[PDB]
Structures are given as structure tokens and as C-alpha cells.
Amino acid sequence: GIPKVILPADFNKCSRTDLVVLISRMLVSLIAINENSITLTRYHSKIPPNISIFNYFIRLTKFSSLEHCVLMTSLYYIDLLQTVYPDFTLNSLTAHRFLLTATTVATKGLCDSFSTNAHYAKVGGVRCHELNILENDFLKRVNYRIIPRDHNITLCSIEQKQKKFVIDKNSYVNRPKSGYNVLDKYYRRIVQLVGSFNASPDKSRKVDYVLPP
């Protein structure tokens, strides 16, 4: 028998703690499946850190007062990097280092209240220089296309460096909310996916999140 909280249609009016759980769950789920199936990235750690994903998230979340949108964005930044950086693959060997970077960049590029890298580095558990390059790298592989908007990923894909091919391949007007429907889209998605207490990080919060029909 387990509790059954009902979340708000607006992730802003939702508990920052409840997000980190929903996000973390989703995060180890992708790690499970991605490993269910070589060349290293800056986001690779020499071995799986002992601290769980969730225990690492709240900490970053609490001692750096990361805002809601920044939380969602971080997750979305996964689908963005996995798509425009072939080598990068979310697995329990990149997650943390990614999360640090992801989170500290969504904040700086998108928020009014933001800290310094050295602060972020300290809370995150790494050397400032380590976080600098770790941030510079991610920014290059995305061409500073960090604003979660409907066609961002595509534009990013395209904008990438393109291999010339023998045979050729292949506006937000009228677009609802002017194309800012990404973060909600994901919010809804995670509750539908890892909403129930059936992912793996069961150990963390024993809760069943039901998002109003």
C-alpha cells in the first residue's frame, strides 16, 4: 500500500521535491534501458559514483535553489544531447556529470537568479575548471541552442556540421504558446511514464503520482 499524490497541471505549482523524484525515476529508467543494450565523452566518469542519482539531484536542487523550469529543462536537455552528439549516451556512467552541467547551464542561460560556476562546482562536488570545460563542451555541441522550444532540437540537428552527401536529403507563428510547449510536454510525459512506483528508484520516494485526467 502506497500514498497517492495528485499533481497540478502546471509543473510550477508542483513540489520541487516531487519533480526531482519524477525526473530521477525517469533518469534511471533511461539508464536501465540504454544499458540493456567505447569512445568517451567529457561526461564520462571512471566508474559509477556511489551516490544515487536522486540523492545527487536534490542536493544540487537545494544548495543552488534550482528553479522548476530549470529542473524540467535539464531532463529535456537529455533528448537534446542524445540527438546531436552521437557519442553521448545517457547511462549510469554519464548521468551525474551530465546532470551537473545540464542543470547549471539551464539556469545561467535561462534565469534571472543564477550563481557562479565555482559555487555550482562546489555544490556539485568538482573542481571549478572541471565544470568550466564541462560547460563549454556541452555549449559547443548544441550551438547555444538551450531554449526549450518546439522546433529547437530539429533546428539544432540541422544547424549541426553536415556531411556532404551524393544525393541531397530532406517560424513559430500560429504555433500554440508560440512554441513553448516543450517543458509541459515532458512534465506530462514523465508522470505518464514513471508516474507509478514502477521504475527502479523505488528505494527513493515510495509515491504514486497521478496527474489529473
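Residue positions are given as counts along the sequence shown, with the first one as 1.
Student: Is there a break between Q162 and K163, and how many deposited residues does it span: none, 1 to 3, 4 to 9, or 10 or more?
Tutor: Unresolved stretch here: none.
Student: Please figure out whether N170 and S171 are truly consecutive in the deposited sequence or have unmodelled residues between them, and give none, 1 to 3, 4 to 9, or 10 or more.
Tutor: Gap between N170 and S171: 10 or more residues without coordinates.
Student: Mean C-alpha B factor from the entry: is it higher for 154-162 or for 178-186?
Tutor: Looking at the recorded C-alpha B-factors, 154-162 comes out higher on average.
Student: Highest mean C-alpha temperature factor of the two stretches 66-74 and 43-51, which is it?
Tutor: Result of the comparison: 43-51.
Student: If you rank the chain by CA B-factor, which third does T94 end up in: lowest, middle or highest?
Tutor: As the PDB entry reports it, the C-alpha B-factor of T94 lands in the lowest third of its chain.
Student: Is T107 in the lowest, middle or highest third of its chain when residues are ranked by C-alpha B-factor?
Tutor: Ranked within chain, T107 CA B lands in the lowest tercile.
Student: When the modelled residues of the chain are sorted by Cα temperature factor, does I33 land in the lowest, middle or highest third?
Tutor: It falls in the top third of the chain.
Student: Using the B-factors in the PDB entry, rank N132's C-alpha atom against the chain and give the third, lowest, middle or highest.
Tutor: CA B-factor rank for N132: highest third.
Student: Is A199 in the lowest, middle or highest third of its chain when residues are ranked by C-alpha B-factor?
Tutor: For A199, whose C-alpha B-factor we compare with every modelled residue in the chain, the answer is the highest third.
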